[PDB]
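Same protein, same chain, two forms; see structure 1 and structure 2 below, as structure tokens.
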Structure 1
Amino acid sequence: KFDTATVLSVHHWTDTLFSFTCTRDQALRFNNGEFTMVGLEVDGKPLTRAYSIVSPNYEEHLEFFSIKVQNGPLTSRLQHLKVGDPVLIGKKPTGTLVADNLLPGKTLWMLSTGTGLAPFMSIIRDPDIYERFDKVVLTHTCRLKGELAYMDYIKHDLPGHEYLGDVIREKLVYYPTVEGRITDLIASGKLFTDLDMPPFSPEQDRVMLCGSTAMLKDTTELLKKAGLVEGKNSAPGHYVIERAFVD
């Protein structure tokens, strides 16, 4: 069920965060925003975890962005990856952060906490996104030099799509929130006054959430009260959600 890929590059941005790129099987096809399984063979068995695919689907390699968890079975080992090392990559990506599950609208909001920024690193490089939205807002919890350096590097990695540089410049806004401070910024209305945007309505706003279970719970409650409905394959809506990690 796994491709054995070869690690092409490895980057340590901070003492808790690393990214890597690796070879991409021809069968690995996906929509920007989706996740797949990534792991290593440990004691003769696959040890794997869900990871958002950071790279856009037109990039010829894959990229992933990882936390280093202290006694984390996978990340305590994955952090030691070297160029040329093998890594297991799940052959079937999936996920709910899928724009086709959002009714047409004018503003796209991406509300992320922690490593939940990861799927949005792929989506903000999807040219289709700017063809269907007036403005894109990415909220995040990155505060450290190395975290911001990563997002800055990502936004310019645009193979075959250099023209998107000007589009991203014009249409994409990054809003620092620093981890469940976003819910409060919504409830108080300060998110919207800060950015000079109208409060959420299903008329206008499409929202993607990727963060903790707690952040998802509290924030969707506010979206539902504004009249927004969760989208799904069989019924596009106003918002979609995915956990950044499992409690």
Structure 2
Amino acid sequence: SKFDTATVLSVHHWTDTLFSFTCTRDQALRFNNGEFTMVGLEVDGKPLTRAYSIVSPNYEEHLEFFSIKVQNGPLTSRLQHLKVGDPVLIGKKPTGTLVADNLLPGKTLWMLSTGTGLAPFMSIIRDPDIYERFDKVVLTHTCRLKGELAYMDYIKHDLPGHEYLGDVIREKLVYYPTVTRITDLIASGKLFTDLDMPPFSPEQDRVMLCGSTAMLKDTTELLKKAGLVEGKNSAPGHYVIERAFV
């Protein structure tokens, strides 16, 4: 009842661990790029769900999600075996903290991600309002594998009704690979050398963080020392965070 029952439209194994699927989207399901919803399946007549960031942008006809097999838990195992035509549960109330409006006006946007933290940014980098209010966007990730990069490359060019975004992304979006190390890279300044960019300041730099608990603790502490403040609905700031879904 708190879920709608979507139909799986396409399934993809980009590597042995990385799996994506697209499915039908409820007619009431509005969201902002970056948000998540509950995703799962009816198992033993009970809904079995977990939070997944919506990968697709809000102007795409279908939804998209992806999954990384790590521990191969009950849900991940069953999701990885979805077939086109299969029923899937999609929560009706999307939500999340990666909210651009909770960032004060600025020049540069950093999207700092590890593992599945990449997922909500596959959606945000296709949000046109990002490029209307920022000069530059940097996305840092931990993808290294052939098939993982092929997936990001596919996302990058999937722009239904927004083909003019192709030139804008090419101009403004910079991908920057790290290692399962970004904290260190901010600490040594090497992040800001590789890309010739000034180190974090509350004057120009706005940040989004999606990654592991440890990554968020260590990296926020580094942003604090540069004098950046966390944003909130009631009070926009310099950074926002969300724990990566695993």
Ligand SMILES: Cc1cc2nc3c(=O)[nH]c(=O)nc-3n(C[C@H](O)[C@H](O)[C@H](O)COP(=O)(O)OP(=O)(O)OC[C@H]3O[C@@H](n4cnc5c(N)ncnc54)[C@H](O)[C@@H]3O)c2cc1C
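For clarity, a rigid core is taken as the largest C-alpha set superposing within 1.5 Å between two forms. Shifts are known only where both forms have a C-alpha. Every residue number counts along structure 1's sequence, beginning with 1.
> Which number belongs to the form solved without the ligand, 1 or 2?
Answer to the question: structure 2 is the form solved without the ligand, whereas structure 1 comes from elsewhere.
> Where does the C-alpha shift reach 2 Å or more between structures 1 and 2 among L47, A50, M197, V69, given a fit on the rigid core?
Spelled out, the residue whose C-alpha shifts by 2 Å or more is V69.
> On a rigid core superposition, how far has the CA of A235 moved between structures 1 and 2, in Å, if you could check?
Here the C-alpha difference is 0.5 Å.
> Hey, quick one: aligning on the core, which runs of at least three residues have all their CA atoms off by 2 angstroms or more between structures 1 and 2?
Residues 69 to 71 form the sole shifted run.
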